């Protein structure tokens, strides 16, 4: 039901989803006053990200984003439990304003944002169970700027016309998900926060990479014009655009950085 625009938009989410008005909300603006270097933030290792090109993975329009299902053998090594992948998805703006990242850096939006959602598979048997438990989820966020054409992101974007409407599903051949990450993944921001969508559970360990990746203007325009929040037969179609939450107050949180300067 919830949306990003109009009466069911973000200032109203808390009416139906109490955690959206709770503590530890994401996303946030990353700026100097709230950053602090933490030398304990060692490099993550990305295991099983190189999905077999002979296997296929389900892409689905869920009414709010486009998501790709990921296999539980794919995981992050380096956190205090193993976190296994469950899905990736994006957030973006619109053709006339391609500035739809969720996190901002010193007050500025990037064009888009990729989230790769993982869950604590050591403790929980699936991501839904994990999603309402403390530090049950770990999301990796990649900031996306308008730049060069990106063939790795196009392995997703080339299938958008086959998931235009809510409920639609398509198969994507496997590819190396690490190709979606930026340079120098050892440099990141780390903070305790929440799902950026209803039900906004405050159960996410966030890692936002310091460096953005680039996709082209034409890739952003495809992403911003391919998809609808509504079903194929809905008489009141709604374009899937501007699907990012505004930044949240940082109720006395610090953001820890793995880089000093």
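Just so we're on the same page, rigid core means the largest C-alpha set that superposes within 1.5 Å between forms. Numbering follows the first chain given and starts at 1.
Undergrad: Superpose on the core, then say which of 19-27 and 233-241 ends up with the larger RMS Cα offset from this form in 9 other deposited structures of this protein.
TA: Comparing 233-241 with 19-27, the larger C-alpha deviation in 9 other deposited structures of this protein belongs to 233-241.
Undergrad: Going by the mean C-alpha B-factor recorded in the entry, which is higher: 9-17 or 246-254?
TA: Here the higher of the two C-alpha B-factor means belongs to 246-254.
Undergrad: Please work out which of 154-162 and 175-183 has the higher mean CA B-factor as recorded in the PDB entry.
TA: That would be 154-162.
Undergrad: Highest recorded C-alpha temperature factor, please, choosing from 212, 193, 63, 198.
TA: Comparing C-alpha B-factors across 212, 193, 63, 198, the top value belongs to 63.
Undergrad: Going by the entry, which of 108, 101, 148, 87 has the most elevated CA B factor?
TA: Comparing C-alpha B-factors across 108, 101, 148, 87, the top value belongs to 108.
Undergrad: Looking at the entry's B-factor column for C-alpha atoms only, identify whether residue 124 ranks in the lowest, middle or highest third of its chain.
TA: For residue 124, whose C-alpha B-factor we compare with every modelled residue in the chain, the answer is the highest third.
Undergrad: What third of its chain's C-alpha B-factors does residue 140 belong to: lowest, middle or highest?
TA: Lowest third of the chain for residue 140's C-alpha B-factor.
Undergrad: Which third, lowest, middle or highest, does the C-alpha temperature factor of residue 202 belong to within its own chain?
TA: For residue 202, the deposited C-alpha B-factor lands in the middle third.
Undergrad: By the record's CA B-factor, is residue 45 among the lowest, middle or highest third of residues in the chain?
TA: For residue 45, whose C-alpha B-factor we compare with every modelled residue in the chain, the answer is the highest third.
Undergrad: In terms of the CA temperature factor given in the entry, to which third of its chain does residue 117 belong: lowest, middle or highest?
TA: Lowest third.
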